Amino acid sequence: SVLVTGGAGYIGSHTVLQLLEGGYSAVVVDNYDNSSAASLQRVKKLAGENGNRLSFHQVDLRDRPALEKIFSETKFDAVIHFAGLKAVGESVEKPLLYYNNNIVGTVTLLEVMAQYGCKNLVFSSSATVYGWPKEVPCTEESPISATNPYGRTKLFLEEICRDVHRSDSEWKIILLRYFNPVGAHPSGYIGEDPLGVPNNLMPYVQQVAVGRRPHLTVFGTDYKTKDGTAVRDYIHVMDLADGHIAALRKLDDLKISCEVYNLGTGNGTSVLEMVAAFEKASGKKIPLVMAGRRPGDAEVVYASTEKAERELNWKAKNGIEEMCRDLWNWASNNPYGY
Amino acid sequence: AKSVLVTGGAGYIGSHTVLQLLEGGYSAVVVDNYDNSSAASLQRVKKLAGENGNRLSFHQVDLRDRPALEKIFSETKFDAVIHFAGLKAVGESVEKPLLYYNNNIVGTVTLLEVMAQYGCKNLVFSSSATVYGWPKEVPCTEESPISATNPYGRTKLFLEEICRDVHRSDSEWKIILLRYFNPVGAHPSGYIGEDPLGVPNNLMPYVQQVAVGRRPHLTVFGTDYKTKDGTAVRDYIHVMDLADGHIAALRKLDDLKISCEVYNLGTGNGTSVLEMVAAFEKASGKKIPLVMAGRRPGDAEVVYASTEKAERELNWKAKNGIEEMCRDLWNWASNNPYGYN
Ligand SMILES: NC(=O)c1ccc[n+]([C@@H]2O[C@H](COP(=O)([O-])OP(=O)(O)OC[C@H]3O[C@@H](n4cnc5c(N)ncnc54)[C@H](O)[C@@H]3O)[C@@H](O)[C@H]2O)c1
Ligand SMILES: NC(=O)c1ccc[n+]([C@@H]2O[C@H](COP(=O)([O-])OP(=O)(O)OC[C@H]3O[C@@H](n4cnc5c(N)ncnc54)[C@H](O)[C@@H]3O)[C@@H](O)[C@H]2O)c1
Ligand SMILES: O=c1ccn([C@@H]2O[C@H](COP(=O)(O)OP(=O)(O)O)[C@@H](O)[C@H]2O)c(=O)[nH]1
Ligand SMILES: O=c1ccn([C@@H]2O[C@H](COP(=O)(O)OP(=O)(O)O)[C@@H](O)[C@H]2O)c(=O)[nH]1
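Cut-offs used in this document
- Residues numbered from 1 in each chain as written, not as in the entry; some residues may be left out.
- Chains lettered and ligands numbered in written order.
- Heavy atoms only, no water.
- Helix = DSSP H or I, 4+ residues; strand = E, 2+ residues; numbered from the N terminus.
- Rg over C-alpha atoms; globule rule 2.2 N^0.38 Å.
- Contact = heavy atoms within 4.5 Å.
- Areas by Shrake-Rupley, 256 points an atom, 1.4 Å probe, with all protein chains shown as cover.
- Pairing = 2+ DSSP bridges.
- Axes fitted to C-alpha atoms, helices over the stretch in contact; angles between N-to-C directions.
- Near = heavy atom within 4 Å.
- Polar contact = N/O pair within 3.5 Å; in protein donor to acceptor, adjacent residues only side chain to side chain.
- Nonpolar A, V, L, I, M, F, W, Y, C, P; charged D, E, K, R; others polar.
- Expected span 1.5 Å × (residues − 1).
- Buried < 20%, exposed > 50% of the residue type's maximum accessible area, 1.4 Å probe, protein only.
- Parallel < 35°, antiparallel > 145°, perpendicular 65-115°, else oblique.
- Left-handed = near helix turned anticlockwise from the far one by under 90°.
- UniProt positions renumbered as here; feature names shortened; annotations may be inferred.
- Disulfide = S-S within 2.5 Å.
- Buried area = accessible area lost by both parts, 1.4 Å probe.
- Salt bridge = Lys/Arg side-chain N within 4 Å of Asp/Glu carboxyl O.

Method of structure determination, per the deposited record: X-ray crystallography was used for this entry, reaching 2.60 Å resolution.

Structural data, given as structure tokens:
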């Protein structure tokens, strides 16, 4: 039995489905800031028999009575915490919004969790905590420093989790630094369906590919990379989902405390390479506006996979070609989302 | 004709600072939740401010209570906000980090948001020398590396960062981050001073608690340091001089080429824990039984301020020395041994 925060969202979507399919039970809480209930209806059907073990509610983590009601009626073995705003660029423009939602929401969740004696957490952290890396592939113990308010929320919230653990050794925490999840379930029955104007690269791309946005703005062209565009470690959302189930099994291992794990593929890809990958998979051509660097972006970021392999027995198995096929497969069949 | 909201204004530094605002011609509205104070301090500031008492207003309000705070900002054109409110004990922060993060960050964020809503984007923030961490170079300059070593110190580091983010987001904001060193003492009248609720975590309130007989002994946190007496060295400033620094900061806030500046408020001198205990014993005539214990989680070896920048840009320099600090502490305590009764 698992509480999934922001589980109507992109990665949450997929992870819930994986939980359901792995024998677990799931309660989702989500305020539908960047998702709708409709995504979980599709996870329900897609999950088949196991779909009877999913239940979901419209709750803001900051609504403490609403969240208390949730933990009242169910004992949680673990919380998986995906809820938050996640856009570097929105961040720089709207810092309070982000410290409000991410830190206040999370602090409330940690407080309620303790109050009801659920003290095992998997936390959605981000490669953004590496800020602008000095070193080729970012290890877990690389220097941690943020560059923008979203980065700082995640960095701050990791430090806050370390502080909780240290205060109270009943707590079992795993911090997962996701690099750049992309793709969809290969069925194409679910996928990324952000509300509002999209912020992430590939939901923006899919929407341009389908008529919903006029062009993709490329953020920066003078980077010190082989084609001038920024480089990221793009990872198949389904691999990312699976790594959460491995986090979950790791939670009651030997003597875990407050462990951090990168979840990436270890390979860097430029924004243009991603475009071109997407165009290969889609056969559609993406109009591009070349713009300046987006405030807050790192230049090259990609994972060390070694710690996650050694300790979670987890590795990503899909490559770019798969991520784009699955995305296109979801996008083709679901051009307006849900 | 100037109007100031003081968060945490019932507290040690807030109380003294509110008094100096009043004597200074300012009008002050205080919002406190009496988590670590009582109304008595502001009753007493009123009387002491004399005629200027008429310009003090005090509401009992938690910064996290957004409706209440909106009400306050509705009814009064505030020219600037001094934000003192928060939990401050590093020992408690380690045991209860959520309390600290919750109160300190939710509290501040909600204030920043209400301020921005009602067009009051002038902030003077209670930061702390604790964000200097374990400093490589002393004196500690406003340019030096910043860092925290415990939850409390994280709330100040993180909030400075947030203020910096808010500034970058929105150039209307003018923000001074005041890094207090170690406030000590009381109004020389003896009529007000520090009175924390429950167990004091700061060194000198704990000392005066032992001296009047509330507390059996002072635990010395560290005797194995690389100081002249092996005890931790800090920069202790008269709270009354700290308060004048706020007046200096408010004046400064009315300068064009300001946006988000750090100023140290210290004396620039270091004093061991045992030197402060010796100086208090001289001021009071009391013996302070000492338990020698280990270092406190996060404590720095040596921390004192560079005063250079605050001298040049704020036109402010601490005027009281250690003897004066201990004289007024004792003048307040002797007569109010258990605080506002
Ligand atoms: N997608 C990425 O590239 C990436 C990379 C690293 C880390 N992350 C983090 O992973 C998590 C999930 O990412 P995602 O791509 O699934 O984002 P998403 O927006 O698809 O999902 C997040 C969900 O959180 C919900 N939510 C937001 N604030 C909430 C609140 N206060 N209370 C309740 N629900 C709330 C949203 O409605 C949304 O459904 C986030 O914490 C994000 O910051 C994402
Ligand atoms: N005193 C020091 O040694 C020192 C050193 C560095 C920084 N500081 C900072 O200076 C500020 C003032 O310190 P102080 O010595 O006056 O402490 P204090 O405890 O006397 O003052 C804090 C005041 O804030 C109030 N308060 C706390 N949380 C509140 C909330 N959520 N809403 C409303 N009121 C709230 C308390 O009731 C109290 O009156 C604090 O922010 C502290 O962290 C103090
Ligand atoms: O409209 C967009 C969205 C993203 N990106 C770039 O694509 C990469 C992936 O960014 P995204 O926002 O998806 O994730 P982030 O790396 O910020 O977590 C980065 O180099 C972004 O600058 C871009 O150029 N245009
Ligand atoms: O009960 C106490 C409180 C404080 N200190 C020491 O006194 C100095 C100042 O402590 P305080 O907490 O007042 O100041 P901070 O350094 O936290 O701002 C530090 O070296 C503390 O270790 C101590 O020995 N015993």
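Moving on, there is more to tell.
A. Highlighting the overall build of chain B. The secondary structure content of chain B amounts to eleven helices and 13 strands. The C-alpha radius of gyration of chain B comes to 19 Å, within 12% of the 20 Å expected for a compact globule of 341 residues. Considered along the principal axes of its C-alpha atoms, chain B spans approximately 50 × 45 × 40 Å. Long-range contacts, defined here as pairs at least 24 residues apart, represent 81% of the contacts in chain B between residues at least 6 apart. Accessible surface, chain B: about 13300 Å² in total, of which carbon and sulfur atoms supply 48%.

B. Molecular detail of the sheet that holds strand β4 (residues 78–81) of chain A. All names here are of chain A. Strands sit in the order β3-β2-β1-β4-β5-β6-β11 across an open sheet of seven strands; the sheet is parallel. If you trace the sheet from one side to the other, it starts and ends with β3 (54–58) and β11 (258–263), each paired once. When the angles between neighbouring strand axes are averaged without regard to direction, this sheet yields 20 degrees. Pairing between strand β1 (residues 2–5) and strand β2 (residues 26–30): four bridges, direction parallel. Bridge pairing in β2 places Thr5 opposite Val29. Helix-sheet contacts for helix α6 (residues 149–167) involve β5 (120–126), β6 (172–178) and β11, and the interaxial angle to β5 is about 155 degrees.

C. Molecular detail of the site of ligand 2. Residue and element names in this part refer to chain B. Close to ligand 2 lie 28 residues; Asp32, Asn36, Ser37, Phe84 and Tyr152 are nearest. One of the side-chain nitrogen or oxygen atoms of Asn36 is found 2.6 Å away from an oxygen atom of ligand 2. Side-chain polar atom of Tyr152 to an oxygen atom of ligand 2: 2.7 Å apart, as the coordinates give it. Isolated, ligand 2 exposes 820 Å² of accessible area, and the fraction of that covered by the protein chains is 97%. Considering every element that reaches the shell around ligand 2, the biggest residue donor is strand β5 (residues 122–128), with three residues. Here the shell around ligand 2 is composed, by residue class, of twelve nonpolar, eleven polar and five charged.

D. Local environment of the sheet that holds strand β6 (residues 174–180) of chain B. All names here are of chain B. What the seven strands build is an open sheet, ordered β3-β2-β1-β4-β5-β6-β11; its pairing is parallel. The strands lining the two open edges of the sheet, one partner per strand, are β3 (56–60) and β11 (260–265). Between one strand axis and the next, the sheet turns by 20 degrees as a mean value, whatever way the strands run. Helix α6 (residues 151–169) rests against β5, β6 and β11 of the sheet, and its axis sits at about 155 degrees to β5.

E. Local environment of helix α5 (residues 97–117) of chain B. Residues and elements named next belong to chain B. With 21 residues, α5 should reach 30 Å at 1.5 Å per residue; the first-to-last C-alpha distance of 29 Å fits that figure. Counting buried residues along α5, 18 of its 21 residues qualify, which places the element largely inside the surrounding structure. Positioned one or two residues after α5, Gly119 has a phi angle of 70 degrees, which is positive.

F. Layout of the site of ligand 4. All names here are of chain B. Around ligand 4, the surrounding shell holds 15 residues, and the nearest of these are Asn182, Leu203, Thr219, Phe221 and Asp299. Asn202 places a polar side-chain atom, nitrogen or oxygen, 3.1 Å from an oxygen atom of ligand 4. When the free accessible area of ligand 4 is taken as 510 Å², the share hidden by the protein chains comes to 89%. Here the shell around ligand 4 takes four residues from strand β8 (residues 218–221), the largest share from any one element. Each residue belonging to the shell around ligand 4 can be placed in one class, and the counts come to eight nonpolar, four polar and three charged.

G. A look at the packing of helix α1 (residues 10–21) of chain A against helix α2 (residues 38–47) of chain A. Residue and element names in this part refer to chain A. Put simply, α1 and α2 touch, their axes get as near as 10 Å, and they point 25 degrees apart. What the angle tells us is that α1 and α2 run roughly parallel. Crossing hand, α1 versus α2: right-handed. Counting all contacts with α1, which are made through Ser13, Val16, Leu17 and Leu20, the residues of α2 involved are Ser39, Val43, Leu46 and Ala47. Each residue belonging to the contact of α1 with α2 can be placed in one class, and the counts come to six nonpolar, two polar and no charged.

H. Highlighting the UniProt feature "active site" in chain A. Under the feature "active site", the UniProt entry names A:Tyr150. Apart from the residues within four sequence positions on either side, A:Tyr150 is in contact with A:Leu85, A:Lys86, A:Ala87, A:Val88, A:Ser91, A:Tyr98, A:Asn102, A:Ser126 and A:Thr128.

I. Just the side chain of A:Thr15, in detail. All names here are of chain A. Structurally, the position occupied by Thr15 is in helix α1. Take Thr15: its relative accessible area is 0%, and that puts it in the buried class. What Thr15 contacts, discounting residues up to four positions off in sequence, is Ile80, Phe82, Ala241, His244 and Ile245.

J. Inspection of the pairing of β11(B) at higher detail. Residues and elements named next belong to chain B. Within β11, five of the six residues are buried, leaving the element largely enclosed by the surrounding structure. The sheet contact formed by β6 and β11 spans six bridges and is parallel. Bridging across to β11, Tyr180 finds its partner in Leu265.

K. View of the state of the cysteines. Residue and element names in this part refer to chain B. One pass over the full model with this rule turns up zero disulfides over all chains. No disulfide involves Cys120; its sulfur sits 13 Å from that of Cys163, the nearest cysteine. In this model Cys260 remains outside any disulfide bridge; the closest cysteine sulfur is found in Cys163, 6.2 Å from its own.

L. Region of the structure containing the interface of chain B and chain A. Counting from both sides, the interface comprises 21 residues of chain B and, opposite them, 21 residues of chain A. Interface of chain B and chain A: buried area, both sides summed, is about 1900 Å²; carbon and sulfur atoms make up 70% of it. Where chain B touches chain A, the interface holds two salt bridges. Residues B:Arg154 and A:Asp163 are paired through a salt bridge, measuring 2.6 Å at the closest nitrogen-oxygen approach. Inspection of the region where chain B meets chain A yields six residue pairs in polar contact. If you list the elements that add at least two residues to the side of chain B that touches chain A, you get α4 (90–95), α5 and α6 of chain B. With ten residues, α5(B) is the single largest residue contributor to the side of chain B that touches chain A. Split into classes, the residues belonging to the side of chain B that touches chain A amount to 13 nonpolar, two polar and six charged.

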